[PDB]
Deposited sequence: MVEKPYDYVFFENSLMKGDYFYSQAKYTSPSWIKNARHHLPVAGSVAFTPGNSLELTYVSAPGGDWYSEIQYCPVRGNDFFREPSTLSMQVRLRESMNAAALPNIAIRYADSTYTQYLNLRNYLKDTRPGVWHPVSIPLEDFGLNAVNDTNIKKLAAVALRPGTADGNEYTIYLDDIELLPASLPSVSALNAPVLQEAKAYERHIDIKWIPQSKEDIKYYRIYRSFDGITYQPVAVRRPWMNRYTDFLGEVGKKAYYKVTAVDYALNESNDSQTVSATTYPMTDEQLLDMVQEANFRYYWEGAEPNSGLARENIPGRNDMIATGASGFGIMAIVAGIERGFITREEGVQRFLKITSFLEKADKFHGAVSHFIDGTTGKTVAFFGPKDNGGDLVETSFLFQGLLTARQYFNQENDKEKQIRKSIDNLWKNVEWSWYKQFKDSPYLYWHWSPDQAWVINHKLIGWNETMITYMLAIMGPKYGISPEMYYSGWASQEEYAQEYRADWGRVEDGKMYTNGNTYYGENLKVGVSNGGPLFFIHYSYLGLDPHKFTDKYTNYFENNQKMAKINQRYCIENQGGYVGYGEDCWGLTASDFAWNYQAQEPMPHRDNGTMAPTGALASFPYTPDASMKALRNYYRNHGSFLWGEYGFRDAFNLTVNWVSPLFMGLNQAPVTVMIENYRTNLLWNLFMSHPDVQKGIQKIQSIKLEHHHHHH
């Protein structure tokens, strides 16, 4: 599906808008918070909010503003646009010439020509939203399409007439649209299924034609409704964070087409928030994250999307393994029935049967509609990803132990998984017969070009575990020491290269951080997801190598991370006992692999850090959960659990939910609660054998 290339719809944060700039040279002025545009929460075309553009264009002064396109992982396919559409509202009547000049800033920081905004404003009456359409043509833009649209970095704004007066205009729904607006033959209300209240929020969900968005209406009395949110068609769900307990709200949803016609109302649903215990909070968090892998699954495969909003069709195989485990948990927790689960797993297993194999391994990314590998990370990564394969198969072997009933469907699930599992040629990923290491990747056409050795401490322990547990194409248990825990010079250098410290370059570490002596681990543990991914199924309580027991050591990493965060050397806003777990996520412009280390901390906290650490640091993780939900939920709690990351220091929250990050929360919560996934995985015969073999060295 194509996205609209949107510069602004709504700020997920209050106050100011991360993806904007506003600056000035006195005697001119533009209102800004840390050179970001203010977010007006009291006026909006698409509810939530709009951007406030309050300025003084004074003779001899200047101001500049821009609204920056927010890149989102996998947001690569867009409608071919012809127009820059905005909604513009003037607070006061004004000379139209005092309105801003407008341009588009390219990715290289050159600009289009500036146009007077007055020329696209039929009506300059204040206190009403005016649709504006600027043909891209008028900026002197040639044909815009997927190959070049991302060079349209920002909508730039400059003074009109320097008349020296203060004007406030509001800008909303700044986006590129096609010349021909998508239309719909009929514009029907979605079926609004229910409202589900929790403590601070109500979740509504509906079932759906190329509409623009759903508009959500809320009433506190059932009589008068106000528009509270919009949801794009890729989200059939809305999370209304009331922030208030015992609060009744009624909800009504309409569908809006690109012409901004509105369907009739859905049925009205209501719910009332109520106080929640920690148990209820765990349930809710597990459930919301589960949604990502259930209703949020790529529908053909049943598997986990890399991210939402992201590629519609691309599944991530590692995240899918995590999600598989989230789904098993979700069945046990009664979020879905076993039969629903079974149906999903029949689809999952049939799809994985058909997916491209690379010596039995899977690629990182697969197109869920075709089974074909997607070279999402570049043309070299177009074949097997053994680590992702291991994450997938950690999930599948867990599922295989779960679906143990003697019926034809669970038999088929089991059959399929056993065969998929047996046929992962782990040994192939040695590259050489005598390689001390597994390799991360193998390309069908470029062979070992990426050439990344699997060297711990990092996230890849389960890759070695599963490689060694593989019943047909297993590798020697010695590979755990020669590869994963390699003492070679090269492996030492590899560790120090990413770690930027010498600590843990010997696999073993032995240094103390925040009073915790870390037996194993690069630096003070690396991104905290290192103690999650390989330990969703592999029970770290039940694996001990010659250096350490892993629950003990992993738990130290969690505590170290929390203690770093409490200490908060960086002075980052909101870090503390209830806000910790530095780990990898997308941030504003790029991926970052954050750690409890100054050079890998910039104020960005991914909730998955603390939350998937539950089994290790339950109280600390429960504190995080409570904080994230009750204090930060207005921006941080969403339809698929917590947003991927947030940075209170720069006033940013992630626009996405990440396949990698949501399931660990469900799964590790579950392992803390019942040991479910651990017990499942650890009961697998091949798993037991491999562990025995490794521990007997």
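Asks: Please report every deposited-sequence interval that has no C-alpha in the structure, sorted by position.
Replies: Those stretches are 1 to 3, 212 to 214, 704 to 712, listed in order.
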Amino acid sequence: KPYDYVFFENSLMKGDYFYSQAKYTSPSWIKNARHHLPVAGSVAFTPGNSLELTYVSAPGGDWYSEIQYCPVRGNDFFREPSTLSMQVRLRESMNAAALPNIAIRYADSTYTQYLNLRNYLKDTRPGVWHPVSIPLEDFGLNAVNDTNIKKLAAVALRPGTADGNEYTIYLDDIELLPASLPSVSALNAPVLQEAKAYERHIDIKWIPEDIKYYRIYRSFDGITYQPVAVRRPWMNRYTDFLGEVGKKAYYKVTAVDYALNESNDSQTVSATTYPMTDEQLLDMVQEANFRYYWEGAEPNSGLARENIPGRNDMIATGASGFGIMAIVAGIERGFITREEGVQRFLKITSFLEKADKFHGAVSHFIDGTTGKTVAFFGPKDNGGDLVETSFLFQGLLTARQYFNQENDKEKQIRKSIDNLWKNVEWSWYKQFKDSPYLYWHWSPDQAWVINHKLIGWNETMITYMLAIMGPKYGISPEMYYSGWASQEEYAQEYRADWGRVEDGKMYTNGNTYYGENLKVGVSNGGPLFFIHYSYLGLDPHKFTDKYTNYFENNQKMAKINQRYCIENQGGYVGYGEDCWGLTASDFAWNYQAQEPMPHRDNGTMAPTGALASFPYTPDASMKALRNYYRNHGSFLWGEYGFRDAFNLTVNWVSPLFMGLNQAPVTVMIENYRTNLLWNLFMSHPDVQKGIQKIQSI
From here on, numbers count along this sequence of modelled residues.
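Asks: If you average the Cα B factors in the entry, which is higher, 123 to 131 or 345 to 353?
Replies: Stretch with the higher mean C-alpha B-factor: 123 to 131.
Asks: Determine, for stretches 242 to 250 and 223 to 231, which one has the higher mean CA B-factor as deposited.
Replies: 223 to 231 has the higher mean C-alpha B-factor.
Asks: Which of these has the highest Cα B-factor in the record: 455, 308, 207, 282?
Replies: When the deposited C-alpha B-factors of 455, 308, 207, 282 are compared, 207 is largest.
Asks: Looking at 578, 287, 203, 262, which one carries the largest C-alpha B-factor according to the PDB entry?
Replies: In the PDB entry, the greatest C-alpha B-factor among 578, 287, 203, 262 is found at 262.
Asks: In terms of the chain's CA B-factor thirds, is residue 374 lowest, middle or highest?
Replies: Middle third of the chain for residue 374's C-alpha B-factor.
Asks: By the recorded C-alpha temperature factor, relative to the other modelled residues in its chain, which third is residue 590 in?
Replies: Highest third - that is where residue 590 ends up once the chain's C-alpha B-factors are sorted.
Asks: Taking the chain's C-alpha temperature factors as the reference, tell me which third residue 641 falls into: lowest, middle or highest.
Replies: Within its chain, residue 641 is a lowest-third residue by C-alpha B-factor, going by the deposited values.
Asks: Sorting the chain's modelled residues by C-alpha B-factor, tell me whether residue 40 ends up in the lowest, middle or highest third.
Replies: It belongs to the lowest third of the chain when residues are ordered by C-alpha B-factor.
Asks: Classify residue 673 as lowest, middle or highest third according to the C-alpha B-factor given in the PDB entry, relative to its own chain.
Replies: Ranked within chain, residue 673 CA B lands in the lowest tercile.
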